[PDB]
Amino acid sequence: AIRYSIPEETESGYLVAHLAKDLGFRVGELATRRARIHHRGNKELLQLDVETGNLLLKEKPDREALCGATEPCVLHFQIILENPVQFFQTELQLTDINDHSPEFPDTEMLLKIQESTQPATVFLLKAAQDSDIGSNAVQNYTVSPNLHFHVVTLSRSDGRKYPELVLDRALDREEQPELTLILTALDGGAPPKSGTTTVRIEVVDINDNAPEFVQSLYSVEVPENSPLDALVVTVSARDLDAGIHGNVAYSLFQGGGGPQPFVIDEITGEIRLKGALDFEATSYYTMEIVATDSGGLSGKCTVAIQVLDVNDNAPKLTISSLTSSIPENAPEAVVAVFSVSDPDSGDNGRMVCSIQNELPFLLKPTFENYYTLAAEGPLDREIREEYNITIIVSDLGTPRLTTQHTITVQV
């Protein structure tokens, strides 16, 4: 019927309006009829000065405590006249004034966002509480300047607006494990009121980096007489990831052809012998060590073992042709034809054989490791009844191995 508007939190005793003038009767009538104003329920904000016919405040009106969310804030008062009994209805509209700053319930919010999160994905954040409404309510959301994210204020929901976080640039834990941002709520009033809170984003480690080997190739040499438990070479790999995505499993791939006496440890990556070696049998070993991640990522390296020849085999002497007894007057007579063989390699397999120089016999080097023992020129029967001959062959290895065979020739 009759509505007057006044701002919120107006000081007590302030004049609201002229009731007598607007309603259409003299002050004398109000004084005579003992006019009194009554709010129907709670405490009365208004007083009616009947001496002047004016309507003024008694108490400071708080919008957020008398209306709250409901808008517009209108209070209903009934002014009464005694004789005759008469009622007039008057309404008081409280204008909202920005007397509350946006504030966040929690000082800091923790977020866990996995490394493998795709861009344009949206996250929901807690909102700043504001008692005020309309233009005096929360109107904007701004985040501290950063490369990865940006903040968008969504005006959804029945009332007010909430903050949403949007990702534009893909995340990587290897560069930044965690990020820290400053979230600020800006009021719509003039001047705006601030409200800050800390946003803590924790990047979750995922398996996106394959284990890589420190060294691409390993070349190590091992003697053929090494014990069964001997450390050949230890290979290692590093993973950029952490946790179960950072643990590395080592397994070996031997060559397609021929079994190998090598075994590797899953954890340490130590390559040890699983059997005995032999340079004469296998001169070289080539294999590939693979490091598989606990997720599935793998990195491969090549390992080449060159065995070292040890002079473990002594010269072998074999008799091809021999003459049990020798003539007396035979010139350039051939006693025996023998050969030497050495399975070892290098100068360990090169042989030299010797005989007593005092003896009339001499061996002539015929072919490759092929010699013939013979007597040069005629011999005497009376002078020598018999000959015990022992030829001793030795290699040029380290150490030197010797072999001797005894033969007795009767002239």
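From 1 onward, residues are counted along the sequence shown.
- When the two stretches 306-314 and 100-108 are set side by side, the higher mean Cα temperature factor goes to 100-108.
- The mean C-alpha temperature factor is higher for 332-340 when 258-266 and 332-340 are set side by side.
- Per the PDB record, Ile319 has a higher Cα B-factor than any other of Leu92, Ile319, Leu217, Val203.
- Taking only the listed residues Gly195, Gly246, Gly188, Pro119, the entry reports the highest CA temperature factor at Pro119.
- Among the modelled residues of the chain, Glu174 sits in the middle third by CA temperature factor in this PDB entry.
- For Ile2, the recorded CA B-factor ranks within the middle third of the chain. Only modelled residues enter the ranking.
- In the deposited entry, the Cα temperature factor of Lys126 sits in the middle third of values across the chain's modelled residues.
- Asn357: CA B factor in the highest third of modelled residues in this chain (values from the PDB entry).
- When the CA B factors of the chain's modelled residues are split into thirds, the value for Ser236 lands in the lowest one.
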